[PDB]
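**Q** Mind looking over this structure? Questions follow.
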Amino acid sequence: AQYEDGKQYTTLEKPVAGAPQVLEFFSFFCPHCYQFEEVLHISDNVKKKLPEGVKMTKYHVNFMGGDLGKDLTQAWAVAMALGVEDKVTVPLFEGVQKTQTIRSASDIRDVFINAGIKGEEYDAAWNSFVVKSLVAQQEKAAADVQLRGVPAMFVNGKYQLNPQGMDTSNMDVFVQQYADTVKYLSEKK
Ligand SMILES: O=C(O)c1ccccc1NS(=O)(=O)c1ccc(I)cc1
């Protein structure tokens, strides 16, 4: 497709050194993310359009979710370390926006246990330094890229994607165009 700076994507003047290939931010407390995750399946589409060698990274923000928003950021880090992020993505989104049963950190812990993660193992990771540093990096990245919206994707910490500069007439096009822009930027610099 056609890609021009200022419309589909925008190059940041302040690049993030040592940033991953595909960085995406989201929050289970944000319905805007649920729409991009389940309705549009942006992440899923991108993961398949990305060439071999490019890994994706999904971070949780702390400015969306009130107080418990921070707790879920820590929980998400554990999911990433265990490798059950995708598996818990759906139940976490549902339990926060649909059922809204997840009110405390104890509720989040239960989700992991139900998925198949032992409480002891989870709790051990919950109190692990590895996870703590992951939480810090999650917010640090967002603060470095000057995150304005919750659901946003950054390629190599240099190119920022703009959804307001794409097709807003056909959902199919938007989803494909977005992922196409990501891939172009990934195979760019
Ligand atoms: O939801 C938004 O804020 C948004 C902003 C820009 C582009 C799309 C957005 N949402 S959406 O992708 O789910 C969407 C796309 C096309 C149409 I018509 C309505 C919503």
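Chain labels A, B, ... are given in the sequence in which chains occur in the structure tokens; within each chain residues are numbered consecutively from 1, and ligands are likewise numbered from 1 in the order shown.
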Report as CSV the residues of chain A within 8 Å of ligand 1, each with its shortest atom pair and distance in Å (one decimal), using only C-alpha atoms and all ligand atoms, ordered by chain and increasing residue number.

**A**
```
residue,atom,partner,partner_atom_place_in_ligand_line,distance
A:32,CA,ligand 1,1 (O),6.1
A:35,CA,ligand 1,13 (O),5.9
A:36,CA,ligand 1,13 (O),6.4
A:39,CA,ligand 1,13 (O),7.4
A:40,CA,ligand 1,13 (O),6.9
A:163,CA,ligand 1,6 (C),4.8
A:164,CA,ligand 1,6 (C),4.6
A:165,CA,ligand 1,6 (C),7.8
A:166,CA,ligand 1,7 (C),7.1
A:167,CA,ligand 1,16 (C),7.3
A:168,CA,ligand 1,16 (C),4.2
A:169,CA,ligand 1,18 (I),4.6
A:170,CA,ligand 1,16 (C),6.0
A:171,CA,ligand 1,16 (C),5.1
A:174,CA,ligand 1,12 (O),6.5
A:175,CA,ligand 1,12 (O),7.3
```

**Q** Atoms to include: N, CA and C atoms. Write the selected residues as a tab-separated table (two decimals), in the first residue's frame.

**A**
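Output file again_21.tsv is given in full below:
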```
chain	number	residue	atom	x	y	z
A	32	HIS	N	-11.45	0.40	24.18
A	32	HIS	CA	-10.83	0.73	22.90
A	32	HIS	C	-9.83	-0.36	22.52
A	35	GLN	N	-11.77	-3.61	21.41
A	35	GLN	CA	-12.21	-3.45	20.04
A	35	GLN	C	-11.07	-3.78	19.07
A	36	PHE	N	-9.87	-3.35	19.41
A	36	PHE	CA	-8.72	-3.60	18.55
A	36	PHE	C	-8.21	-5.03	18.69
A	39	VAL	N	-12.47	-7.34	18.20
A	39	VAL	CA	-13.22	-6.88	17.04
A	39	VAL	C	-12.34	-6.81	15.79
A	40	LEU	N	-11.24	-6.09	15.88
A	40	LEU	CA	-10.34	-5.93	14.74
A	40	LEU	C	-9.24	-6.99	14.71
A	163	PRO	N	-3.81	5.89	13.50
A	163	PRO	CA	-5.08	5.31	13.04
A	163	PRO	C	-6.04	6.37	12.50
A	164	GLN	N	-5.81	7.62	12.86
A	164	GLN	CA	-6.66	8.72	12.43
A	164	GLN	C	-6.26	9.20	11.04
A	165	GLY	N	-5.23	8.57	10.48
A	165	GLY	CA	-4.77	8.93	9.16
A	165	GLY	C	-4.92	7.79	8.18
A	166	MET	N	-5.82	6.87	8.50
A	166	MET	CA	-6.07	5.71	7.66
A	166	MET	C	-7.53	5.69	7.22
A	167	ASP	N	-7.94	4.63	6.54
A	167	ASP	CA	-9.31	4.51	6.08
A	167	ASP	C	-10.24	4.26	7.26
A	168	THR	N	-11.25	5.10	7.39
A	168	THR	CA	-12.21	4.95	8.46
A	168	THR	C	-13.60	4.74	7.88
A	169	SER	N	-13.64	4.09	6.73
A	169	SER	CA	-14.89	3.80	6.04
A	169	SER	C	-15.18	2.31	6.05
A	170	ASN	N	-14.14	1.50	5.92
A	170	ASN	CA	-14.29	0.05	5.91
A	170	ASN	C	-13.36	-0.60	6.92
A	171	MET	N	-13.95	-1.29	7.89
A	171	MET	CA	-13.21	-1.97	8.95
A	171	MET	C	-12.16	-2.91	8.38
A	174	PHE	N	-9.15	-0.90	7.20
A	174	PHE	CA	-8.44	-0.35	8.36
A	174	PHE	C	-7.53	-1.39	9.01
A	175	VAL	N	-8.08	-2.57	9.27
A	175	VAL	CA	-7.32	-3.65	9.90
A	175	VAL	C	-6.12	-4.07	9.04
```

**Q** If you run DSSP on the backbone, which residues of range 13-181 of chain A are strand (DSSP E or B), as a list in words?

**A**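 Restricting range 13-181 of chain A to strand (DSSP E or B) produces residues 22, 23, 24, 25, 26, 56, 57, 58, 59, 60, 152, 153, 154, 155, 159, 160 and 161 of chain A.
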
**Q** Would you output that residue set with N, CA, C and O atoms, as a short mmCIF file (atom, residue, chain, number, x, y, z; two decimals), in the first residue's frame?

**A**
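The resulting selection18.cif:
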```cif
data_model
loop_
_atom_site.label_atom_id
_atom_site.label_comp_id
_atom_site.auth_asym_id
_atom_site.auth_seq_id
_atom_site.Cartn_x
_atom_site.Cartn_y
_atom_site.Cartn_z
N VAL A 22 8.25 -4.66 17.29
CA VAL A 22 6.85 -4.26 17.31
C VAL A 22 6.36 -4.10 18.75
O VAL A 22 6.14 -5.07 19.46
N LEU A 23 6.20 -2.85 19.17
CA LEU A 23 5.74 -2.56 20.51
C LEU A 23 4.31 -2.04 20.49
O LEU A 23 4.01 -1.06 19.80
N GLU A 24 3.44 -2.70 21.22
CA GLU A 24 2.04 -2.30 21.29
C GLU A 24 1.62 -2.12 22.75
O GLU A 24 2.04 -2.88 23.62
N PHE A 25 0.82 -1.10 23.01
CA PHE A 25 0.35 -0.82 24.36
C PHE A 25 -1.15 -1.05 24.45
O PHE A 25 -1.87 -0.84 23.47
N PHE A 26 -1.62 -1.49 25.61
CA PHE A 26 -3.04 -1.74 25.81
C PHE A 26 -3.39 -1.84 27.29
O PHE A 26 -2.51 -1.81 28.16
N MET A 56 6.80 -9.63 18.49
CA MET A 56 5.87 -8.61 18.95
C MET A 56 5.94 -8.48 20.47
O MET A 56 6.28 -9.43 21.17
N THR A 57 5.64 -7.28 20.96
CA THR A 57 5.65 -7.01 22.38
C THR A 57 4.43 -6.19 22.77
O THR A 57 4.17 -5.13 22.20
N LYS A 58 3.66 -6.69 23.73
CA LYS A 58 2.46 -6.02 24.19
C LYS A 58 2.64 -5.58 25.65
O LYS A 58 2.87 -6.41 26.52
N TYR A 59 2.56 -4.28 25.89
CA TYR A 59 2.74 -3.74 27.24
C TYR A 59 1.44 -3.18 27.81
O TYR A 59 0.57 -2.72 27.07
N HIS A 60 1.34 -3.22 29.12
CA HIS A 60 0.17 -2.72 29.84
C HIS A 60 0.48 -1.35 30.44
O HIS A 60 1.50 -1.18 31.11
N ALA A 152 -1.87 1.69 20.91
CA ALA A 152 -0.98 2.25 19.91
C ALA A 152 0.17 1.30 19.63
O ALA A 152 0.57 0.52 20.50
N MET A 153 0.69 1.36 18.41
CA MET A 153 1.79 0.50 18.01
C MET A 153 2.98 1.33 17.54
O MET A 153 2.83 2.29 16.78
N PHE A 154 4.16 0.96 18.01
CA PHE A 154 5.39 1.63 17.65
C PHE A 154 6.37 0.63 17.05
O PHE A 154 6.61 -0.43 17.63
N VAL A 155 6.92 0.96 15.90
CA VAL A 155 7.85 0.07 15.23
C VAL A 155 9.30 0.51 15.45
O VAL A 155 9.69 1.62 15.07
N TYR A 159 9.17 4.64 14.43
CA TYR A 159 7.98 4.97 13.66
C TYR A 159 6.71 4.71 14.46
O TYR A 159 6.51 3.62 14.99
N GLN A 160 5.88 5.74 14.54
CA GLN A 160 4.61 5.67 15.25
C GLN A 160 3.46 5.55 14.25
O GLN A 160 3.47 6.21 13.21
N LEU A 161 2.49 4.71 14.55
CA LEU A 161 1.35 4.53 13.65
C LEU A 161 0.20 5.44 14.05
O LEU A 161 -0.08 5.63 15.23
#
```

**Q** Could you check the closest approach to residue 130 in chain A for each of A:77, A:21, A:41, A:51 and tell me which residue wins, using only C-alpha atoms?

**A**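 Looking at the shortest contact to residue 130 in chain A, the residue is A:77.
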
**Q** Can you tell me which residues surround residue 112 in chain A at a distance of at most 10 Å, considering only C-alpha atoms, apart from same-chain residues fewer than 2 positions away, and format the answer as a PyMOL selection string?

**A** chain A and resi 75+78-79+84-85+87-88+91-92+107-110+114-119+122

**Q** Just how far from CA of residue 141 in chain A is CA of residue 123 in chain A, in Å to one decimal?

**A**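 Computing it gives 25.5 Å between the two atoms.
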
**Q** Which residue is closest to residue 135 in chain A? Choose from A:76, A:34, A:178, A:63 and count only C-alpha atoms.

**A**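 Among the listed residues, the smallest separation from residue 135 in chain A belongs to A:76.
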
**Q** Pull the alpha helix (DSSP H) assignments for range 4-115 of chain A out of DSSP run on the backbone, and list those residues as number ranges by chain.

**A** A: 31-34, 42-49, 68-82, 85-93, 105-115

**Q** Using only C-alpha atoms, can you tell me which of A:138, A:73, A:89, A:177 comes closest to residue 37 in chain A?

**A**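 Residue with the minimum atom-to-atom distance to residue 37 in chain A: A:89.
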
**Q** Could you please determine the separation between CA of residue 43 in chain A and CA of residue 65 in chain A in Å, to one decimal place?

**A**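 Computing it gives 20.8 Å between the two atoms.
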
**Q** Got a sec: who's within 8 Å of residue 157 in chain A, counting only C-alpha atoms, leaving out chain neighbours fewer than 6 positions off, as a PyMOL selection string?

**A** chain A and resi 15-17+19-21+23+145

**Q** Using CA of residue 11 in chain A and CA of residue 186 in chain A as the two end points, give the distance in Å to one decimal.

**A**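 So the answer is 12.7 Å.
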